[PDB]
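Q: my sequence and its experimental structure, below.
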Amino acid sequence: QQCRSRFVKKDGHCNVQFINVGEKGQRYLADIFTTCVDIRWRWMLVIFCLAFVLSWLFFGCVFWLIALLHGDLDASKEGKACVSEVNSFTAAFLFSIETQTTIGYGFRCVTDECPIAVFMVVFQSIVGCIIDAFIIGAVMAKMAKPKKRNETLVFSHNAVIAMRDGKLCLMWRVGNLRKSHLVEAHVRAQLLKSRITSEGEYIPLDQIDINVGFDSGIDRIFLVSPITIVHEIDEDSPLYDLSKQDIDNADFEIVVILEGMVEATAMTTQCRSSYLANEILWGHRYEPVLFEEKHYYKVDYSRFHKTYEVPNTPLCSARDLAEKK
Amino acid sequence: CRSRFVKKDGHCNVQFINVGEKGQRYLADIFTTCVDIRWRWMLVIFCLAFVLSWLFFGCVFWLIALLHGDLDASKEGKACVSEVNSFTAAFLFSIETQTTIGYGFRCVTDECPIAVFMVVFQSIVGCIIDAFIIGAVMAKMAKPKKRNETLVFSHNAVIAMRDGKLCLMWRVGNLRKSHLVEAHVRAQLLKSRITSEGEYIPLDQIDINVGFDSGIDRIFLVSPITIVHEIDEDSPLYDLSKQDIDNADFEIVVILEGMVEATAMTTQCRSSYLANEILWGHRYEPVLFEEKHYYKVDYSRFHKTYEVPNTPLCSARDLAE
Amino acid sequence: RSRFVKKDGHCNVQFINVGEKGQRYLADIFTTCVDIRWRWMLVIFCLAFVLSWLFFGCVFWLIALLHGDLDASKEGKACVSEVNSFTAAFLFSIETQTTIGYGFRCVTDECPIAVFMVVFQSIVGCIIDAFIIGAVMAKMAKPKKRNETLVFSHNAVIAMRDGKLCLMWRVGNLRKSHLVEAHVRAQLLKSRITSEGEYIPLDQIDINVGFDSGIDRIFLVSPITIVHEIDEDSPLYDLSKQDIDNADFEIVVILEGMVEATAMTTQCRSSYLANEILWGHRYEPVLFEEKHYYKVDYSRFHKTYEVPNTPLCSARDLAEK
Amino acid sequence: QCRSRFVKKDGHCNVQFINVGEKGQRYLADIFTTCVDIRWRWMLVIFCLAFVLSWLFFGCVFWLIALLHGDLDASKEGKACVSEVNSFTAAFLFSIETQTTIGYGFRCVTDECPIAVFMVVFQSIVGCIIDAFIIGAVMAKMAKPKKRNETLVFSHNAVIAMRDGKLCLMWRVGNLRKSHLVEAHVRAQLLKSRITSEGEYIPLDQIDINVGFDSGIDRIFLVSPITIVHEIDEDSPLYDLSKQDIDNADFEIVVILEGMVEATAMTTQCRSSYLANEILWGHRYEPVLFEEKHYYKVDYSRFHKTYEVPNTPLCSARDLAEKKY
Ligand SMILES: [K+]
Ligand SMILES: [Sr+2]
Ligand SMILES: [Sr+2]
């Protein structure tokens, strides 16, 4: 048994990667989009709250400092000056809130007594506008543009290698839950092996192909109802020599690919799966999915992941039939 | 009289009965929720949500104001949020503050630390739901949905003589000037078969070689062109009689795939011909509008054909025998 | 003979009657915003929004005069502290829609309908602002549809190479950006009559440049020539030099390509007309070596010279016969 | 030794194109290109200066209309359209209030100035217009991903190997991050300068390397770094090369691995080559994807290294072809 070396659909990559050079640095150099991917709904709101609240507290503190520096402290008696109608540090609170949130309560109005105040408040306003633009841009970017949803495609696990049209074939079918059929639906079949070269060397992992009809052009299936993609057996095929004990006591991963174009959005969907050692039940044909009605046709998934029996099949190897000249 | 898997265009029968796995959120409350609520009721839902936000905030301010300074009225009363004597005062205060309106008729005074705390929280709330609503209304101008406008198939298809053999033919019609990039084309035959071992297979799909290996499938489409399918030994329509053609045992589905300019939408088109639109003989009337500098076409006669005087009926391998 | 059907070389096509299925339902916003393209839409929308301002000003003025004709001043104040009905209401609407809190007038508790009405106008104003800002964002962010940076050549360069006849065409890229998944095609347009004796005004034939062999996906950083070897499968296998000059066959080339950092599939069309032909010509070695540096220069791109010696109509005859 | 790729992507290292200006002039006529060229180095200052110059222009025009008509013409009587301002700073601050929609109640306008209301409604309109322009400009960079990533990478060291009774030009490709690719092409192109049959010096030209385009083994499903075979044959143009021929001569093997990043719309691809000596005769590759006892973990520490094969034939392809018979 192996039960690894595949994408995380069944089992998985099993503790991905190992200690190496890494080179996955400068995360915050371009974290504009990665953070929006990672932050998630859990604490984005509090991130914005804390960032922008500290943003106006810094400026409120500097207004408080300049108010202490100039104006009232020079002469508290009479002294027509700035910080009118407000006092202390609550003055800084209210001024910062009114100016940042563009609220016009009008209790405090700066004047010619503080010529630096106009420059200070205009710089504050432009910085606040920039920060608001950043916030709204981030919220827009996370909400609408990405679409992480691809589960409407499903690969039936149970599969069969058996008789068909006078020859042998191993088959697999796909299903969908809703409408909006795919466009340019490819299909592939790859087999995981371990080999030793003729010169002599241990190759740990090897990829070999299964001819599902790439050169015949029968791969672009128009999928509205489940269909069983098959593979005829021949001497060119790498599986012409397999027995029951051979298939049962040896492990090979038939990884499958159904990369497809979902409707509308330009997200290239792609699904992966494999059958490890025993999911292929020899001599177990498939059942009809017919749900015919007098008026038109529909179907439900009340018979998936099962099989009908066949008692009369050549219980032998693929080349055994070729032996019978 | 069969299933007719062809989708909405032309004949239409596609659906599913039982429900699998659906949920984890309204439907997305992310983007499909905005998709389904197009035009109707989305403005109503969000505007009622926002006005209920004002109602909640103003109710809280009214409660805190009546708790704080309403008890000692008619005796000085230098409490916070002055100029309040009823619910309407605090309600309109919330209206101004959340709409960042600076009327100034309202007041906040000092020594009311809870008031400023709630003011900053409600300001943040107003800002964040303003961002949410602007992002939501943005999505209306995000996905352009179209299934027409320089892409359509033909209501008429026919099998007829042509140089070499009989051929199934079909054209694709257009509306405007715009062209198509990577124009695929495919034909599939749906029928029923029985395995030699013996078992009922009502559903079987076979391919029609329109020249996938020969490379004649990417058509530069500016005027309608009749894609044709030759007849050979590999084809399943090698020799069938008139009873076969007027019988209903096969269905021809035709599929086109393209990408309109200045967009990333993989447009797909599907059409059907069961047993009746295909006719024996006949020929398409040419679009013969070759004139001076005035270059024109007209699809007024697009869906029509005429009849050949005399044509062979069977032929096939008659020369060898 | 002159019914050209391309776009970038010369000529075009037009449509008449065509059933008129391309009728706008005004349900499309992106196309409407694209069509104007910064010409007059800013003016259209600013006048739309200021007429909304005037509508609101008029309705506030009407309600004010409704209350104004009742109290007639010299009473317990009013809902709005103003005397000039039109100007005060207009400025009130302006400042409220712009969130300006000048506060020269008041609100009072005598007009709850005024509170309801200002709530509705604030909602309408925020929705309209969101709509306009979203439209501007959608139009500006979506690119201008450049569709350039790839250029074709002038005339067919039918000549000899490696002892065989061949047509060649080069491609220029003035910028530095490269292409991904660059296809290449070549279609010949002509007129044909079938063996049965019927007229086909327009017929397309393919000119393979490497399909089914893999040599069509060029990695384009230096201007490279694409050539078509002459074989039996080629249509113009052997024919006189005078007739091809008299002939009006049209060669159209397609260089579908993907430009970096986008999702738009570019495509280019060219014009090679048979009325002018340069038989037996060869281009210039654009590649120049600069010791430590390498370069090419497009000053001689649209130029070719003549080989002093070249076989004429070197067919199977006189080479095997 | 002319070429187009030295060791790595963007390895042109030459002069920019000259004598062409047909469609490379109107750089500023576009907005997206201007946003792409500019970065956060100076954008803050650009927006700041634009919007503050709008401020100054509006303040100046309000001050000019105040001089034209108002209270300063006849200082007596309170009949004026501003209850304040008789100074540049006050008018500027009023312009700031109007632009940033603060809402200070310190000043207002009188009904006898229809110009004033016309001016301020145009003021609000243009304020909204430039606010929308700024927010869209700042949005453009945040949402659309423009940074280039290098999750996939080639191998520095490549070898020519005597494997499976034939000869190959072995090379493998590594993936840094865990993410996978969709529709993974692979190509190999030889750059050379030749002379035609009649005797003309052909400039730089490209020839193809048959990695299995027709056999269909090019769409590799990449979760473990896998080598690429070539299976040198008589049809290949590398047959006549000998042991010293590769060293004395030179040739550029450009490799492209066009791929699709997960859940996006970018057709990423990478370019690399080997000049004349990076290819080592014989040699093999260590099991970089070494099996770990529990499950699969892979270390790339030994990625760019090779193991010296004890004994392999050292001759040309024609030599082995003739030695066979
Ligand atoms: K092929
Ligand atoms: Sr605002
Ligand atoms: Sr694409």
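A: That came through, no problem. Numbering: from 1, shown residues only, chains lettered A, B, ... in the order given. Ligands and ions are numbered 1, 2, ... in the order given.
Q: which residues does the residue of chain A found nearest chain B contact?
A: Chain A approaches chain B most closely through residue A:104 (2.0 Å), counting by Cβ to the nearest Cβ. For the C-beta atoms, the positions are set from N, CA and C on the backbone; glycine is no exception. Applying Cβ atoms under 8 Å, 6 or more residues apart in numbering or on different chains, we find residue A:104 in contact with A:98, B:101-104, C:100-103, D:97, D:101-105.
Q: please redo it, this time with the cut-off set to 6 Å
A: B:102, C:101, D:102, D:103, D:104 (Cβ atoms under 6 Å, 6 or more residues apart in numbering or on different chains).
Q: could you pull up phi and psi at it?
A: Backbone torsions of residue A:104, given as degrees, to the nearest 10, read phi -110, psi 50.
Q: so residue A:85: helix, strand or coil?
A: The three-state label given to residue A:85 by DSSP: H, G, I helix; E, B strand; the rest coil is coil.
Q: can you verify my assumption that it contacts residue A:107?
A: Yes - between residue A:85 and residue A:107 a contact is recorded at 4.6 Å, counting by Cβ atoms under 6 Å.
Q: okay, strands next: where are they in chain A?
A: A:153-155, A:160-164, A:167-176, A:188-196, A:202-209, A:228-229, A:253-257, A:260-261, A:268-269, A:272-275, A:284-285, A:308-309 (DSSP state E).
Q: helices or strands up against the fifth one?
A: Read it as strand A:202-209. Packed against strand A:202-209 by the contact rule (3 or more Cβ pairs under 6 Å, 6 or more residues apart in numbering or on different chains; DSSP states H and E) you find strand A:188-196.
Q: got a list of contacts for the strand it packs on?
A: A:202-203, A:206-208, A:210, A:212, A:252-257, D:221.
Q: what do you get for stretch A:199-217?
A: Here stretch A:199-217 makes contact (Cβ under 6 Å, 6+ apart) with A:189-191, A:193, A:195-196, A:231, A:238, B:212, D:216-217, D:224, D:287, D:289, D:291.
Q: for those, which one is nearest chain C?
A: residue B:212 (10.6 Å).
Q: buried sites along the longest helix seen in chain A?
A: Ranked by residue count and defined by DSSP state H, the top helix of chain A is helix A:31-69. The neighbour-count check on helix A:31-69 (16 or more other Cβ atoms under 10 Å in any protein chain shown) flags A:32-33, A:36, A:44, A:48-49, A:52, A:55-56, A:59-60, A:63-64, A:66-67 as buried.
Q: repeat for stretch A:282-296
A: Quick answer for stretch A:282-296 (16+ other Cβ under 10 Å): A:283, A:284, A:285, A:286, A:289.
Q: can you check stretch A:148-168 too?
A: Counting neighbours by 16+ other Cβ under 10 Å, stretch A:148-168 gives A:149, A:152-156, A:158-164, A:168 as buried.
Q: same question, stretch A:97-115
A: A:97-111, A:114.
Q: likewise stretch A:186-198?
A: A:186, A:187, A:188, A:189, A:190, A:191, A:192.
Q: off-centre distance for it?
A: With Cα atoms, centre = their mean, to the nearest Å as the basis, stretch A:186-198 stands 27 Å off its chain's centre.
Q: what's the answer for stretch A:23-43, then?
A: That offset, for stretch A:23-43, works out to 15 Å (Cα atoms, centre = their mean).
Q: now stretch A:194-208
A: Worked out by Cα atoms, centre = their mean, stretch A:194-208 lies 34 Å from the chain centre.
Q: okay, it in CSV with CA atoms only?
A: Once non-C-alpha atoms are left out, stretch A:194-208 reads as follows in CSV (Å, rounded to 0.1, in the frame of the first residue of the first chain):
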residue,chain,number,x,y,z
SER,A,194,8.1,2.5,-10.0
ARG,A,195,10.7,1.3,-12.5
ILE,A,196,14.3,0.2,-12.8
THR,A,197,16.2,1.1,-16.0
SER,A,198,17.9,-1.5,-18.2
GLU,A,199,21.3,-0.2,-17.3
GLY,A,200,20.3,-0.6,-13.6
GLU,A,201,19.1,2.2,-11.3
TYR,A,202,16.1,2.7,-9.0
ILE,A,203,13.6,5.3,-10.3
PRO,A,204,11.3,6.1,-7.3
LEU,A,205,8.5,7.8,-9.1
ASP,A,206,7.4,7.4,-12.8
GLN,A,207,4.5,8.8,-14.8
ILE,A,208,3.0,6.8,-17.6
